[PDB]
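Enquirer: This one's experimental. Sequence and coordinates below.
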Amino acid sequence: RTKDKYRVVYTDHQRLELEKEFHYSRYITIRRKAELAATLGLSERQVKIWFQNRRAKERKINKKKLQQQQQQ
DNA sequence: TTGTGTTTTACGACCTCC
DNA sequence: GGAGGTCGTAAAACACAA
C-alpha cells in the first residue's frame, strides 16, 4: 500500500530523516519505526520497506567498493 | 530529444526465528 | 503465536552524453 500510484517519490525532507536514522542504526526497531512513520507522514510499512531497500543499496555499494579494491 | 543506463518505491516468493 | 530478513525484479523517476 498504497497503489493507485505505482509508486510515490518521497520528499527531500522524508529522505533526509530516513538517511539520518539509517546512520544511527541499520535496522529500525518497532518503536522507532512507529515514531518515524508518524513524524514523517508515511506508514510503518513504507518505513519497513525503505529500510530494506537501503541495506540492499548498501550491499550493492559495498560490492562495487570491493570490486574497486580488487582492480587496484 | 532521446534513449539508455541508473536509482527509488513497492512487491512477491521464500526463509529464519523459540 | 507472525515479524521481519533477503533476493530479484517491475515500473516510475531521474541523470546525462550524444
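Expert: Looks like it came in fine. Numbers count the residues shown, from 1 in each chain, chains lettered A, B, ... in the order given.
Enquirer: Every contact and neighbour count from this point should use C-alpha atoms.
Expert: Noted.
Enquirer: quick one, what contacts the closest residue to DNA strand B within chain A?
Expert: The nearest approach of chain A to DNA strand B comes at residue A:1, 3.1 Å away (Cα to the nearest atom of the strand). For residue A:1, the contact set (Cα atoms under 8 Å, 6 or more residues apart in numbering) comprises residue A:45.
Enquirer: try it again with 10 Å
Expert: Contacts for residue A:1 (Cα atoms under 10 Å, 6 or more residues apart in numbering) come out as A:7, A:43, A:45, A:46.
Enquirer: Make a PyMOL selection of the buried ones in the residues you listed.
Expert: Entered in PyMOL, the line below selects the buried ones among the contacts of residue A:1, by 16 or more other Cα atoms under 10 Å:
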select buried, chain A and resi 43
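Enquirer: Redo the contacts of residue A:1 as CSV? Include secondary structure and distance to DNA strand B.
Expert: Output for these, formatted as CSV (DSSP: H, G, I helix; E, B strand; the rest coil; distance: Cα to the nearest atom of the strand, whole Å):
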residue, secondary structure, distance to DNA strand B
A:7, coil, 4
A:43, coil, 8
A:45, helix, 7
A:46, helix, 5
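Enquirer: now residue A:27, nearest residue through space, not along the chain?
Expert: residue A:51 (7.0 Å; Cα to Cα, 6 or more residues apart in numbering).
Enquirer: What residues sit buried inside the helix or strand hosting the one you found?
Expert: For residue A:51, the element it lies in under DSSP states H and E is helix A:44-71. Of all the residues in helix A:44-71, those buried under the rule 16+ other Cα under 10 Å are A:44, A:47, A:48, A:50, A:51, A:54.
Enquirer: Indicate the residue of chain A located nearest to DNA strand C.
Expert: The minimum distance from chain A to DNA strand C, using Cα to the nearest atom of the strand, falls at residue A:52 (4.3 Å).
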